[PDB]
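# Structural characterization, general
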Amino acid sequence: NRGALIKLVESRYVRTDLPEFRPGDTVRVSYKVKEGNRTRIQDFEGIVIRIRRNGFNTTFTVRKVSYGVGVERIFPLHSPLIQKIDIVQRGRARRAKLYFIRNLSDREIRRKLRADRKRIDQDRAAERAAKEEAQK
Amino acid sequence: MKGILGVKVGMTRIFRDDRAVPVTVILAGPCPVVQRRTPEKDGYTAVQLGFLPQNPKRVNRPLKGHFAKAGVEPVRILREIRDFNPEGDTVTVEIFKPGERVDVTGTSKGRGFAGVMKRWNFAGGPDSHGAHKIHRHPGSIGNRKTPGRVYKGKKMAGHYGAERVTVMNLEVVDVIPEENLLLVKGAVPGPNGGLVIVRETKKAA
Amino acid sequence: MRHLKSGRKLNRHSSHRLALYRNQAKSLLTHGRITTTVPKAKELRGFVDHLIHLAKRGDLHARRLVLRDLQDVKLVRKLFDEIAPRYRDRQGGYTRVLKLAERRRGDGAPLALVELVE
Amino acid sequence: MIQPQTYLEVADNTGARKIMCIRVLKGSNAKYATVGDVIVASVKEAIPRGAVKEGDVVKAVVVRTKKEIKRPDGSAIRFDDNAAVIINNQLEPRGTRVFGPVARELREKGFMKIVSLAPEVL
Amino acid sequence: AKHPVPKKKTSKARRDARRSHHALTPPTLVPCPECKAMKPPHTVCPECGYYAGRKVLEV
RNA sequence: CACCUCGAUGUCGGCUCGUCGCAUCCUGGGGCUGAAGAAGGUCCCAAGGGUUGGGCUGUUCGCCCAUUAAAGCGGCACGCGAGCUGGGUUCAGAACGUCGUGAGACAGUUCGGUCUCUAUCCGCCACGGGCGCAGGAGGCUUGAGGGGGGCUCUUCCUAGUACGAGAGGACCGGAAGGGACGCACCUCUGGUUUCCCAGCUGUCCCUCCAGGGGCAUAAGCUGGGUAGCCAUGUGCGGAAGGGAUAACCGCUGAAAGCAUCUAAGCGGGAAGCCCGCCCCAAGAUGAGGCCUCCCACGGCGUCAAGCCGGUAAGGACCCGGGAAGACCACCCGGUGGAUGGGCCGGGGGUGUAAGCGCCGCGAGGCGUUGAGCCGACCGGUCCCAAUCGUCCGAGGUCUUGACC
RNA sequence: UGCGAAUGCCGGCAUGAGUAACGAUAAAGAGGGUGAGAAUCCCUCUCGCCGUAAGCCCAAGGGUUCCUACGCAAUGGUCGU
RNA sequence: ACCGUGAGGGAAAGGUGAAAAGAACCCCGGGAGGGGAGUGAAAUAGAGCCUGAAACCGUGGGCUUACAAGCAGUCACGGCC
Ligand SMILES: [Mg+2]
Ligand SMILES: [Mg+2]
Ligand SMILES: [Mg+2]
Ligand SMILES: [Mg+2]
Ligand SMILES: [Mg+2]
Ligand SMILES: [Mg+2]
Ligand SMILES: [Mg+2]
Ligand SMILES: [Mg+2]
Ligand SMILES: [Mg+2]
Ligand SMILES: [Mg+2]
Ligand SMILES: [Mg+2]
Ligand SMILES: [Mg+2]
Ligand SMILES: [Mg+2]
Ligand SMILES: [Mg+2]
Ligand SMILES: [Mg+2]
Ligand SMILES: [Mg+2]
Ligand SMILES: [Mg+2]
Ligand SMILES: [Mg+2]
Ligand SMILES: [Mg+2]
Ligand SMILES: [Mg+2]
Ligand SMILES: [Mg+2]
Ligand SMILES: [Mg+2]
Ligand SMILES: [Mg+2]
Ligand SMILES: [Mg+2]
Ligand SMILES: [Mg+2]
Ligand SMILES: [Mg+2]
Ligand SMILES: [Mg+2]
Ligand SMILES: [Mg+2]
Ligand SMILES: [Mg+2]
Ligand SMILES: [Mg+2]
Ligand SMILES: [Mg+2]
Ligand SMILES: [Mg+2]
Ligand SMILES: [Mg+2]
Ligand SMILES: [Mg+2]
Ligand SMILES: [Mg+2]
Ligand SMILES: [Mg+2]
Ligand SMILES: [Mg+2]
Ligand SMILES: [Mg+2]
Ligand SMILES: [Mg+2]
Ligand SMILES: [Mg+2]
Ligand SMILES: [Mg+2]
Ligand SMILES: [Mg+2]
Ligand SMILES: [Mg+2]
Ligand SMILES: [Mg+2]
Ligand SMILES: [Mg+2]
Ligand SMILES: [Mg+2]
Ligand SMILES: [Mg+2]
Ligand SMILES: [Mg+2]
Ligand SMILES: [Mg+2]
Ligand SMILES: [Mg+2]
Ligand SMILES: [Mg+2]
Ligand SMILES: [Mg+2]
Ligand SMILES: [Mg+2]
Ligand SMILES: [Mg+2]
Ligand SMILES: [Mg+2]
Ligand SMILES: [Mg+2]
Ligand SMILES: [Mg+2]
Ligand SMILES: [Mg+2]
Ligand SMILES: [Mg+2]
Ligand SMILES: [Mg+2]
Ligand SMILES: [Mg+2]
Ligand SMILES: [Mg+2]
Ligand SMILES: [Mg+2]
Ligand SMILES: [Mg+2]
Ligand SMILES: [Mg+2]
Ligand SMILES: [Mg+2]
Ligand SMILES: [Mg+2]
Ligand SMILES: [Mg+2]
Ligand SMILES: [Mg+2]
Ligand SMILES: [Mg+2]
Ligand SMILES: [Mg+2]
Ligand SMILES: [Mg+2]
Ligand SMILES: [Mg+2]
Ligand SMILES: [Mg+2]
Ligand SMILES: [Mg+2]
Ligand SMILES: [Mg+2]
Ligand SMILES: [Mg+2]
Ligand SMILES: [Mg+2]
Ligand SMILES: [Mg+2]
Ligand SMILES: [Mg+2]
Ligand SMILES: [Mg+2]
Ligand SMILES: [Mg+2]
Ligand SMILES: [Mg+2]
Ligand SMILES: [Mg+2]
Ligand SMILES: [Mg+2]
Ligand SMILES: [Mg+2]
Ligand SMILES: [Mg+2]
Ligand SMILES: [Mg+2]
Ligand SMILES: [Mg+2]
Ligand SMILES: [Mg+2]
Ligand SMILES: [Mg+2]
Ligand SMILES: [Mg+2]
Ligand SMILES: [Mg+2]
Ligand SMILES: [Mg+2]
Ligand SMILES: [Mg+2]
Ligand SMILES: [Mg+2]
């Protein structure tokens, strides 16, 4: 027995070091790349378009426009190749997956996605709190 | 030719060396050898194995406390590892080290009565133009007066799946003696929870 | 193949399969014991065990939820005030299903019994 | 995944705008071209006086695909269009200056001029 | 499709051998826990079915 | 030619599905070359596997585009219409050219024009029932014999070496990537997910409001979507190796003092053959073997086999079920029990319920609240149901040879 | 005046076979009643379908099908009270 | 009768017994049917009634058949009844 508990044992690859976010709010993920036997940390930053929750190997995809072409990247949420991920802004999604933005991509999405104050306000307030409460 | 019984647990991915490595973890528990075969009494060479210790006694009367290590007699004994003559009793997953290649026998998910096209990846009929109720159908099966019959291997629809299947040369990614786990990449046959037997490869041996 | 798939279609499309389970619930809760065919029965259990359990919750929300399927206000009172309490210390299994030895004559159907437990 | 009949955006300045795949050059029978694959194309829409004319049969390499590219590191990328760069038979760009992102798979397939000329490589 | 038709009237031998599986099985019955009569198992008896739960009353 | 078929053997082409032949298109092995190398030419061996996608035409064929290792040729009623098509041909309508005074007519053209749910036998794919396998049982397995499979390219190192004035450019040996095909799998990617959540319109309704139900498809529409089934997704396969051979290359060697691979011998030598791999497999009536069980009752048959009744090991039946499945089978349970259902925990999906408070004239907005709802996935728990039972099942044929 | 054949004629009975099918995919569930017997009849409740109709009225045509009592052999594509 | 708008077409279908003596009454059964009883020279003359053939269906018995393959017979030997 413990069919899932065994496969759930299987991960020493879970990682707690990355931030909370949901679809709709924009983030920036730094990712190890090769680029000809050298090594670089490339950043990729756009709206997170969706999140697939499987526990370990959940994955989340990020969309942005780059030099006049939309791009989506799909990252494994536990990937050993993610150095860090910063949330660069929060936004109010209204539904789980937003693919609908692909056929907007214009000003109409900054109207559809207006920033989520509740989670913004609780970020600052969480950052003031942890800042004040570490030192003294 | 080392081998051990197990059950397919489930799949996941492992991130080894900045690569994904999808893996199928099969649990191969301790395996209490209950018989040996000899060119003397038998005419070939193997071990009976035995697995999944359960039943209190459903075992009833024919049994072996003859080798007596059948203490806590196991549900499935599935046996031959063929030419395998191990160290002592009780083969473990210690048997395999990572980077070892292995073949895996198992029982393919049963599809029951399955069309040609999914049995045999036939083409089927067009979905339009003439059409008329042959979209999923096999076509001609033969010629005319000669031979005036149907070849003895002729691919047709019937029960497909739920059969013996051995996918070969799989890489052992990891082995976890602690919980008796083992990690191979990919193809291994059949449902989670089904029995699999796991042998050294035939690429070299 | 339709492997590890839960729940029966019983020779009727979805909306009729709903109406079936609802109309069996209203009837069972009403008479306390009912005779259907064995498979329609085995499949009624879950439908009402949940309907009952939500009455054990008692909250207005939980009522309104039961009111979606059972739809009749008076029955819901009888569910909430009369029936629900009897199970308060019963965790699960608020229904019994017992097979009858008589085959329905003229379609041949196996019959069973469905009653609220006690 | 590109196949014959597929239209492609032209990601360089040669003067082609749209090309349409006519063959994918991989094997005898390869079914689809992807990022880093060379195809043969007919030039469908082209800007006046270009290096390249409408109707020319040419070779292109595929720098972008609407169908996601999967990487070993477990991740994927996908772009908003399918795009190609028109190339000569020695297989280097016919243009100066490519436009928009290119897939990093190109480097690995040996196209170092185009990845270089590319504004962003993802 | 054209009209497949049987080519030969089948022998009495042959239909009767077709039917070699057609024979019935008697219903499987067990003696009633309380009452005298026979009942197919796992079924509430046509007379006084069970104990703990409330049987259909022939009582 | 006119032999079976005119009380009917459906006719081109396509499609589907192939199977065979080899006079071999490619790949493998070879000899000769007017074979420097690379690349060809020609002929020999070889049928294992492979043998592309388009434009045009009803086309076969052919021509052409773009590729390729190659874009083989034949046969199987010009394979295959109780498998499909119906563009062509090949009824009836209509027109053109042409022929005919005409009615009409044309391997001349044009547009149109009914392709028949139900498989008895053989054959083929699957799956069971019976009996047999001379004592009966529960396991486990040998493999006679079958089947599957069998392709190939680029690049790189060797080495810009050998060879060549140069340009070009090997053998052999090694490495890494592909294509297409196969088997499996669902972690990822990507689909479906008929009621898992949400939103929306019209109407009717419960109960006026709030909230909600029906219907708008066999989901009203829309946005998503677990398991499962899936390919676009992933893993793995072709081998290695062993043997015998083909053409061929040789050794030794006469007949024939020489010579000769051959007449006696022997060694090399193919993607082919036999093994090797994978799958089936003792109805292999030639019914195999191993482990373990139960036992050698009672009567009649005083006897060649038996018979009847309980029995024994064991099975069935019935029931709860199952990534097993058309039914049957197979597998797991059956209270000394976690088998299904319910409940609970988790996963997962939807995306912050209802109620209430506050802001706004209002539509609405905020908070409570990642809320509420929540199939299947991983578990837990005897609350509901797998209760109680019933039936069947050996007591072992003889001859013959070796043991206390 | 003699039958084995005439795709003979008339009748009977087989085979195919317990096979196809049981005639619109608007749809059913339960409780009670009746009766020798009930999925199929009666009554309640719930669910679904029609609503420029699948409701109502008239003309053709049909000719007792009308209402009621008693009744189930057959007719009813099953059953039938 | 039926079929055809019509002219018109156009069938099947005989037999208890000498005599109804046409089976009271009891039993099973809702009836149908049957078992007894009774009638009769006779009731497999019982009204679906003289005789009652054959194909066809069935029950019981004997011989036989699950490693044989065929126009089904025939010739021979052997077994069992
Ligand atoms: Mg667990
Ligand atoms: Mg299945
Ligand atoms: Mg297949
Ligand atoms: Mg298709
Ligand atoms: Mg169709
Ligand atoms: Mg034919
Ligand atoms: Mg033949
Ligand atoms: Mg199922
Ligand atoms: Mg049905
Ligand atoms: Mg509906
Ligand atoms: Mg290059
Ligand atoms: Mg048809
Ligand atoms: Mg058919
Ligand atoms: Mg002739
Ligand atoms: Mg003549
Ligand atoms: Mg003819
Ligand atoms: Mg004929
Ligand atoms: Mg004919
Ligand atoms: Mg040849
Ligand atoms: Mg060659
Ligand atoms: Mg050369
Ligand atoms: Mg040559
Ligand atoms: Mg060949
Ligand atoms: Mg065109
Ligand atoms: Mg055409
Ligand atoms: Mg031509
Ligand atoms: Mg071609
Ligand atoms: Mg051919
Ligand atoms: Mg010909
Ligand atoms: Mg032909
Ligand atoms: Mg046809
Ligand atoms: Mg035919
Ligand atoms: Mg035509
Ligand atoms: Mg005619
Ligand atoms: Mg004229
Ligand atoms: Mg003509
Ligand atoms: Mg003509
Ligand atoms: Mg027309
Ligand atoms: Mg037509
Ligand atoms: Mg035949
Ligand atoms: Mg059998
Ligand atoms: Mg063999
Ligand atoms: Mg073989
Ligand atoms: Mg070099
Ligand atoms: Mg999954
Ligand atoms: Mg998926
Ligand atoms: Mg899913
Ligand atoms: Mg009201
Ligand atoms: Mg309202
Ligand atoms: Mg309504
Ligand atoms: Mg509404
Ligand atoms: Mg309506
Ligand atoms: Mg509807
Ligand atoms: Mg989707
Ligand atoms: Mg030789
Ligand atoms: Mg010599
Ligand atoms: Mg000599
Ligand atoms: Mg010789
Ligand atoms: Mg040799
Ligand atoms: Mg090979
Ligand atoms: Mg086997
Ligand atoms: Mg055997
Ligand atoms: Mg045996
Ligand atoms: Mg089942
Ligand atoms: Mg069992
Ligand atoms: Mg349970
Ligand atoms: Mg969640
Ligand atoms: Mg809110
Ligand atoms: Mg106010
Ligand atoms: Mg939950
Ligand atoms: Mg417990
Ligand atoms: Mg019949
Ligand atoms: Mg049939
Ligand atoms: Mg059928
Ligand atoms: Mg049917
Ligand atoms: Mg009907
Ligand atoms: Mg109907
Ligand atoms: Mg209206
Ligand atoms: Mg009138
Ligand atoms: Mg009339
Ligand atoms: Mg009348
Ligand atoms: Mg009336
Ligand atoms: Mg009446
Ligand atoms: Mg009647
Ligand atoms: Mg009737
Ligand atoms: Mg008349
Ligand atoms: Mg008398
Ligand atoms: Mg009598
Ligand atoms: Mg007589
Ligand atoms: Mg008489
Ligand atoms: Mg007389
Ligand atoms: Mg008579
Ligand atoms: Mg008989
Ligand atoms: Mg034999
Ligand atoms: Mg025999
Ligand atoms: Mg035969």
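Calculation rules
- Residue numbers count from 1 along every chain, following the sequence as written rather than necessarily the entry numbering; any residue without coordinates is not displayed.
- Throughout, the order in which chains and ligands are written sets their labels, letters from A for the former and numbers from 1 for the latter.
- Values throughout apply to the visible chains only, these chains being members of a larger assembly.
- Heavy atoms throughout the structure, all of them, feed into the side-chain values; hydrogens and water do not.
- Residue contacts are counted whenever heavy atoms from the two residues lie within 4.5 Å of one another.
- Strands are labelled as partners when DSSP assigns at least two bridges between them.
- Comment: elements are numbered from the N terminus, with helices defined as DSSP H or I runs of at least four residues and strands as E runs of at least two.
- Axis angles are defined between N-to-C directions and span 0 to 180 degrees, where every axis is a line fitted to C-alpha atoms and, for a helix, only to the segment in contact.
- Here a residue is considered near a molecule or strand provided that any single heavy atom belonging to it is located within 4 Å of it.
- Here a polar contact is taken to be a pair of N or O atoms separated by no more than 3.5 Å, where protein atoms must pair a possible hydrogen donor with a possible acceptor and residues adjacent in sequence count only if both atoms sit in side chains.
- Ten residue types, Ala, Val, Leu, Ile, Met, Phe, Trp, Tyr, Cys and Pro, are classed as nonpolar, four, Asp, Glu, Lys and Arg, as charged, and the remainder, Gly among them, as polar.
- For any pair of parts, buried area is found by adding up, for both, the accessible area (1.4 Å probe) each one loses once the two are put together.
- Think of a salt bridge as a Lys or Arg side-chain nitrogen and an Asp or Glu carboxyl oxygen that are within 4 Å of each other.
- Exposure is judged per residue with a 1.4 Å probe applied to protein chains only, and the accessible area is read against the type maximum: over 50% gives exposed, under 20% gives buried, and values in between give partly exposed.
- Patch members must show over 30% relative accessible area and no salt bridge, and they are joined within 9 Å when carrying like charges or within 5 Å when they are nonpolar side chains of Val, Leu, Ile, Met, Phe, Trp or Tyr.
- Where accessible areas are quoted, they stem from the Shrake-Rupley method and a 1.4 Å probe; at the residue level, only the protein chains shown are allowed to cover.
- Positive: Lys, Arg. Negative: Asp, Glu. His and the chain ends are not part of the count.
- Every charge is mapped to an atom, namely NZ of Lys, CZ of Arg, CG of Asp or CD of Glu.
- A 1.4 Å probe that fits into a set of points on a 1 Å grid over the protein atoms alone but cannot get out defines a cavity; an open set with protein on both sides within 12 Å along at least five of seven lines defines a pocket, and lining residues are those with an atom within 4 Å of a point.
- Grid points are joined across faces, edges and corners, and a volume is the space filled by probe spheres set on the points.

The record lists X-ray crystallography as the method behind this PDB entry and 3.10 Å as its resolution.

With that settled, consider the arrangement of the chains. Counting contacts across all five pairs of chains that touch, the top pair turns out to be chains A and D. Across all C-alpha pairs, the smallest distance from chain A to chain E is 31 Å, and the two are not in contact. Of all C-alpha pairs spanning chain D and chain E, none lies closer than 37 Å, and the two are not in contact.

A word on the sheet that holds strand 2 (residues 95–103) of chain C. Residues and elements named next belong to chain C. Read across the sheet, three strands follow the order 1-3-2 without closing on themselves; strand pairing throughout is antiparallel. Unpaired on one side and paired on the other, strand 1 (33–37) and strand 2 mark the two borders of the sheet. Neighbouring strand axes in the sheet, compared pairwise and without regard to direction, differ in orientation by 25° on average. As paired strands, strand 1 and strand 3 (residues 110–116) are joined by five bridges and run antiparallel to one another. Looking at the pairing, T35 lines up with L113 of strand 3. Its contacts with the sheet place helix 1 (residues 14–31) against strand 1, strand 2 and strand 3, and it is angled at close to 145° to strand 1.

On to the protein's contact with RNA strand G, then. Around RNA strand G, 25 residues are found, and the nearest of them are C:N23, C:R105, C:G106, E:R18 and E:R19. Sugar plus phosphate, as a fraction of atoms of RNA strand G within 4 Å of the protein: 80%. In this structure, a sugar or linking oxygen belonging to RNA strand G sits 3.2 Å away from a side-chain N or O atom of C:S27. Taking E:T10, its main chain carries an N or O atom lying 3.1 Å from a sugar or linking oxygen of RNA strand G. Secondary structure elements with two or more residues in the surface near RNA strand G: helix 1 and strand 1 of chain C together with helix 1 (12–18) of chain E. By residue number, the principal contributor to the surface near RNA strand G is helix 1 of chain C, which donates nine residues. Tallied by class, residues from the surface near RNA strand G come to four nonpolar, twelve polar and nine charged.

Here the focus is the interface of chain D and chain A. Each partner contributes to the interface: chain D provides 19 residues, whereas chain A provides 21 residues. Taken together, both faces of the contact between chain D and chain A bury some 1700 Å²; the carbon and sulfur share is 47%. Remark: the boundary between chain D and chain A carries five salt bridges. Here A:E72 and D:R78 are joined by a salt bridge, their closest N and O atoms 3.0 Å apart. At the boundary of chain D with chain A, the tally comes to twelve residue pairs in polar contact. Per-element accounting of the side of chain D that touches chain A gives the leading share, four residues, to strand 6 (residues 76–79) of chain D. Pairing between strand 4 (residues 69–76) of chain A and strand 6 of chain D: four bridges, direction antiparallel. When the bridges of strand 6 of chain D are listed, A:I74 appears paired with D:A76.

With that out of the way, let us pick up the pattern of salt bridges. All names here are of chain C. Enumeration over the complete set of coordinates arrives at 43 salt bridges over all chains. In this structure, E115 engages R96 in a salt bridge whose closest nitrogen and oxygen atoms are separated by 2.8 Å. Of the two residues, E115 sits in strand 3 while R96 sits in strand 2, which places them 19 residues apart along the sequence. Of the two residues examined, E115 and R96, each falls in the buried class.

Within the secondary structure, B:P86 is located in the loop between strand 4 (46–48) and strand 5 (101–107). Along the backbone, B:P86 and B:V47 are 39 residues apart, and their C-alpha atoms lie at a distance of 8.2 Å.

A few words on a positive patch on the surface. All names here are of chain A. On the surface, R92, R94, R95 and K112 cluster together into a patch of positive charge. By the element assignment, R95 lies in the loop between strand 5 (82–87) and helix 2 (107–112). We classify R95 as exposed; its relative accessible area is 54%.

As enumerated under the stated definition, the model contains two cavities of 30 Å³ or more in all. Its boundaries defined by the atoms lining it, the largest cavity holds a volume of some 50 Å³. Taken together, the elements giving at least two residues each to the lining of the largest cavity come down to strand 1 (26–33), strand 2 (40–52) and strand 4 of chain A. Split by residue class, the lining of the largest cavity holds five nonpolar, one polar and three charged. There is about 30 Å³ of room inside the second largest cavity. Taken together, B:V7, B:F51, B:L52, B:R76, B:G193, B:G194 and B:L195 make up the full set of residues lining the second largest cavity. By residue class, the composition of the lining of the second largest cavity is four nonpolar, two polar and one charged.

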